[PDB]
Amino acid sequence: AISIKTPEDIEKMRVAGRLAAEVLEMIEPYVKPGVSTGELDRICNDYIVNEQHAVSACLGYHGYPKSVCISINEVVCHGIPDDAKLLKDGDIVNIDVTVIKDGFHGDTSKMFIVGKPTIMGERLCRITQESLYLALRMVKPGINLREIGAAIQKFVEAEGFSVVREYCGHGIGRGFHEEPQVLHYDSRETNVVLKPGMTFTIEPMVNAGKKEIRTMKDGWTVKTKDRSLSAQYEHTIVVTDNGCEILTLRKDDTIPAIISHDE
């Protein structure tokens, strides 16, 4: 029961996506060594609310206590903005912003690397993003979700990394999570054939080591089961008549906003 967004609806996604991508533009300057994840959440929430005049879709969603998730190193997802957590040299850092504005969600996230990169997180972060872009490039009317998922996996495995299975991109709209599920791997289960006007996310979680994850005592923080690094990027898109438009693109992104397969 995939909604097909209207024109007016799609225009609201664009706004909401820009909003969400703008939070992540805003925050980069403040992503330095010595800063606290607790501090960043403070910063993004103030902005979301006061400046952007939007709400976090994070906050109180299943009891989520903070306004953005911010995962570090071997934290895979849903890390908790913690006033005592500080960023060190060498850290790979995901911050996931999801925003509602005028009743539509925008949902995006990115890796920041902090101070002096290391070769390994410099790399895992690169593949992770290329595995998103690869997939972004496949989206068009009549392709199957299954193809996309299979493709992300191969890319990712060929580099000696694994795709986290527990999480998936998703339908998005008036709801955070809508059909379809966007698995980032192959499944006889998946058989979705895309149509002009579906909105959804692509957001592969990629581990440097093995694909097994583990939730912490706090009920929230997911880690690598082998403490290997993990990394994620996410975008929201609309399928178009000839391809896709990416609705949460940033100035720092290197793929076009509009993507066409037509002649």
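Definition used throughout: the rigid core is the maximal C-alpha set that superposes within 1.5 Å between two forms. Residues carry their position along the shown sequence, with the first being 1.
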- Top-deviation stretch by C-alpha RMS in 9 other deposited structures of this protein (rigid core reference), from 200 to 208, 216 to 224, is 216 to 224
- Query: Which has higher Cα B-factors on average according to the PDB entry: 167 to 175 or 111 to 119?
  - Reply: 111 to 119
- Note on the structure: Assert higher mean C-alpha B factor (27 to 35 or 191 to 199, deposited values) equals 27 to 35
- Item | Top residue by Cα temperature factor, when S67, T236, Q52, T221 are compared in the entry | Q52
- Message: Checking the record values for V139, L183, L132, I92, which has the greatest CA B factor?
- Response: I92
- Where the record places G160 (Cα B-factor, split into thirds across the chain): highest
- Query: Hey, what third does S56 fall into on Cα B-factor, ranked over its chain?
  - Reply: middle
- Note on the structure: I258: C-alpha B-factor third of its chain, per the entry, is the middle
- Lowest, middle or highest third: where is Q232 by Cα B-factor in its chain? lowest
- Lowest, middle or highest third: where is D96 by C-alpha B factor in its chain? lowest
